[PDB]
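[1] need a structure here:
(2 chains, ligands or ions: 2)
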Amino acid sequence: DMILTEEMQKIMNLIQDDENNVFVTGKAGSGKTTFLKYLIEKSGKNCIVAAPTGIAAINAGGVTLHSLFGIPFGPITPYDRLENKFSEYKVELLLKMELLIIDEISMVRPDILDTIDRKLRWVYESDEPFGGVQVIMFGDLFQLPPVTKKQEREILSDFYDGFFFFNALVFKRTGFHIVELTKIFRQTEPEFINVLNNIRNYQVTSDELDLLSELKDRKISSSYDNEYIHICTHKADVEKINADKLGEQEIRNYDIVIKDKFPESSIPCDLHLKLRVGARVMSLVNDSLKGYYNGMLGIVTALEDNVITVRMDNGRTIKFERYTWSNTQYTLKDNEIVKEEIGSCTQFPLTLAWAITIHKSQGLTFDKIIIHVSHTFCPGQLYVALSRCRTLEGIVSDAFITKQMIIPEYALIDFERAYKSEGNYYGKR
DNA sequence: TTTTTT
Ligand SMILES: Nc1ncnc2c1ncn2[C@@H]1O[C@H](COP(=O)(O)OP(=O)(O)O)[C@@H](O)[C@H]1O
Ligand SMILES: [Mg+2]
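    Numbering: from 1, shown residues only, chains lettered A, B, ... in the order given. Ligands and ions are numbered 1, 2, ... in the order given. Okay, here it is:
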């Protein structure tokens, strides 16, 4: 099935030595998130796959970085204390892992990598960066950046010159090679690739955007015989469209249950979970026993009182039960600080998958999509949504595509000049 | 106003 480009073998040779870290970039559809599936199948018996988002982790066969390394939400400064301790089952994992793969690195905060470094340096008991573990990063800096809430930026701008993964402070202590894939796969249309890559480079003309006028077509909603999908910029449109696609003339509501104090905004799951038979669903957590990792997709076969039966896209059937989330914070017992749980919520780890966010959709491939991008945005978000689909016809838009939707980021322009000046390499040598 | 733990 797969084709090995001259650059891919060239990339394969660079990582044959242990001491070289490599960042593999390329345009959307260049075959990077694919090529890493091909790399896993040779070197030693070691590798770990991970990504920032649960879905891109599924797309690469890995897990989330926060679940793998036990990273709490929010930035960790070098002065911040390490909150979570690895178990003995997890320590053997990281110790036996001789190679680390991070898919879709563009969405990774720089403090996360330094949290990876500090946790790897301690679990390996070594002063070498990342515990001396080889790291290979896949992603396109021109897709979209991480989050990057405003409260967390001013906090990180104390210790960090930039908010992008390469700004991490471990790159004072080490560095990485950069190789780009110049061949596109996902789209076979030459005129559609041209306008795509021009959306990516911020250099594009309104005569090329004329090609996207056909995306205003309302043509076919039908049918579920190979279906259709919605990708929205904001979670509110995803929330409405999923409920819009479920008429609720039929069936179930599943209510959450809260013990003690669990603030609304901090609740990870649905307060009232509404589902019918044949409803698109997404697994919200990781269970190795049942076998559903977070980010997987499925469809509801049956709805009972305490059990939901779902047939996943991978072909495996899972019976979902109620998952319990624990809310723990910092309080005072005795005289001392304590981690005690101040509340818990319980619901099924499922949510309606008909719609979705460009953020969650990054890395995915589709034959037919329905793009919702209105005039509301965040940088690089449009290039992602367009490039998900293989064909220009399969794309359906809510509104006309305008240059207003393009938000350039000039730090990526400077970063490209930097490493291309030295041997396609960034950081310390 | 977008994601993400043991
Ligand atoms: N070397 C390759 N050979 C054949 N098809 C490929 C190759 N690389 C990618 N593809 C195809 O391109 C599409 C998306 O691939 P993917 O690697 O996930 O995109 P990206 O490089 O932007 O992360 C898939 O349909 C895949 O089959
Ligand atoms: Mg990808």
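[2] how about the residues of chain A that lie near ligand 1?
    Residues of chain A lying close to ligand 1 by Cβ under 6 Å from any ligand atom are A:2-3, A:26, A:28-34, A:185-186, A:363, A:365. For every residue, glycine as well, the C-beta is placed using N, CA and C.
[3] let's go with 8 Å and repeat that
    Residues of chain A found near ligand 1, taking Cβ under 8 Å from any ligand atom as the criterion, are A:1-5, A:8, A:26-35, A:38, A:59, A:104, A:138, A:140, A:181, A:183-186, A:363-365, A:387, A:390.
[4] Filter the residues you listed down to the buried ones and express that as a PyMOL selection.
    Those of those that meet the burial criterion (16 or more other Cβ atoms under 10 Å) are gathered into one PyMOL selection, given here:
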select buried, chain A and resi 5+8+26+27+28+29+30+31+32+33+34+35+59+104+138+140+181+184+185+186+363+364+365+387+390
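[5] Please flag which of the residues of chain A next to ligand 1 sit within strands.
    Using DSSP state E, A:26, A:138, A:181 are the members of the residues of chain A next to ligand 1 that sit in strands.
[6] now, which of those residues sits nearest ligand 1?
    Within the set of these, residue A:26 lies nearest ligand 1; the separation is 5.7 Å, counting by Cβ to the nearest ligand atom.
[7] who touches that closest one in this structure?
    Contact partners of residue A:26, counting by Cβ atoms under 8 Å, 6 or more residues apart in numbering, are A:32, A:140, A:180, A:181, A:182.
[8] what about the last one, distance to residue A:133?
    Relative to residue A:133, residue A:182 is positioned 29 Å away (Cβ to Cβ, to the nearest Å).
[9] all helices for the stretch 251-400 of chain A, in order.
    Here the stretch 251-400 of chain A has its helices, by DSSP state H, counting those that start in this stretch, at A:358-361, A:381-387.
[10] for the stretch 101-250 of chain A, same thing?
    A:110-123, A:150-159, A:190-200, A:235-245.
[11] Tell me the buried residues in the last one?
    Under the neighbour-count criterion of 16+ other Cβ under 10 Å, helix A:235-245 has A:237, A:238, A:241, A:242 buried.
[12] so what does it touch, helix or strand wise?
    Applying 3 or more Cβ pairs under 8 Å, 6 or more residues apart in numbering; DSSP states H and E, one finds that helix A:235-245 contacts strand A:230-232, strand A:350-352.
[13] hang on, the earlier thing: nearest to residue A:116 among the buried residues of helix A:235-245?
    Using Cβ to Cβ, residue A:238 is the member of the buried residues of helix A:235-245 that lies nearest residue A:116, at 29.6 Å.
[14] who's in contact with the residue of the stretch 251-400 of chain A found nearest ligand 2?
    Proximity to ligand 2, evaluated over the stretch 251-400 of chain A using Cβ to the ion, is greatest for residue A:363 at 3.9 Å. By Cβ under 8 Å, 6+ apart, residue A:363 lies in contact with A:33, A:51, A:53, A:55, A:56, A:59, A:60, A:103, A:104.
[15] How many residues are close by the third one?
    If I follow you right, that is residue A:53. Other residues near residue A:53 number 21, with proximity taken as other Cβ atoms under 10 Å.
[16] and what of the second one?
    Other residues near residue A:51 come to 30 when the count uses other Cβ under 10 Å.
[17] so how far is residue A:229 from the closest residue to residue A:232 other than its chain neighbours?
    Taking Cβ to Cβ, 6 or more residues apart in numbering, and ignoring the residues beside it in sequence, residue A:232 has residue A:372 as its nearest neighbour in space, at 4.2 Å. To residue A:229, residue A:372 is 11 Å away according to Cβ to Cβ.
[18] what does residue A:362 give?
    Separation of residue A:362 from residue A:229 (Cβ to Cβ) stands at 14 Å.
[19] centre of the chain versus stretch A:145-160, how much separation?
    Here stretch A:145-160 shows a centroid-to-chain-centroid distance of 19 Å under the convention Cα atoms, centre = their mean, to the nearest Å.
[20] overlap in contacts of residue A:372 and residue A:229?
    When Cβ under 8 Å, 6+ apart defines a contact, the residues bordering residue A:372 and residue A:229 alike are residue A:355.
[21] which residues sit in contact with the residue of the stretch 301-429 of chain A found nearest ligand 1?
    Ligand 1 sits closest to residue A:365 of the stretch 301-429 of chain A, with a gap of 4.5 Å, by Cβ to the nearest ligand atom. With contacts defined as Cβ under 8 Å, 6+ apart, residue A:365 is in contact with A:29, A:186, A:388, A:390.
[22] nearest to residue A:309, of these?
    For the contacts of residue A:365, with residue A:309 as the reference and Cβ to Cβ as the criterion, the closest is residue A:388, at 29.3 Å.
[23] Just give me the neighbour total for the closest one.
    Here the count is done by other Cβ under 10 Å, and residue A:388 has 22 residues near it.
[24] Isn't residue A:204 up against residue A:194?
    No: checked against Cβ atoms under 8 Å, the pair residue A:204 and residue A:194 is beyond contact range at 9.4 Å.
[25] The two: which has the busier surroundings?
    More neighbours surround residue A:204 than the other of residue A:204 and residue A:194, with 18 against 12 (other Cβ under 10 Å).
[26] Can you report phi and psi for the more buried one?
    phi -160, psi 160 (degrees, to the nearest 10).
[27] which residues touch it?
    When contacts are counted by Cβ under 8 Å, 6+ apart, residue A:204 touches A:195, A:198, A:403, A:406.
[28] Count residues in the vicinity of the third one, would you?
    The number of residues packed near residue A:403 is 12, by other Cβ under 10 Å.
[29] Provide the backbone phi and psi angles at it.
    phi -60, psi -20.
[30] repeat for the last one
    Recorded main-chain torsions at residue A:406 are phi -90, psi 120, according to degrees, to the nearest 10.
[31] residue contacts, it?
    Under the criterion of Cβ under 8 Å, 6+ apart, the contact partners of residue A:406 comprise A:199, A:202, A:204, A:382.
[32] what about the last one, distance to DNA strand B?
    Here residue A:382 is placed at a distance of 13 Å from DNA strand B (Cβ to the nearest atom of the strand, to the nearest Å).
[33] need the residues of chain A near DNA strand B, please.
    Chain A has residues A:52-55, A:64, A:66-67, A:70-73, A:83-84, A:87, A:90, A:146-149, A:233-236, A:268, A:285-286, A:294-295, A:326, A:328, A:357, A:359-360, A:376, A:378 near DNA strand B, with proximity defined as Cβ under 7 Å from any atom of the strand.
[34] Can you turn the buried part of the residues you listed into a PyMOL selection?
    The following PyMOL selection, which keeps only the buried ones among the residues of chain A next to DNA strand B, applies the criterion 16+ other Cβ under 10 Å:
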select buried, chain A and resi 52+53+54+55+64+67+70+71+146+233+234+285+286+294+295+357+359+360
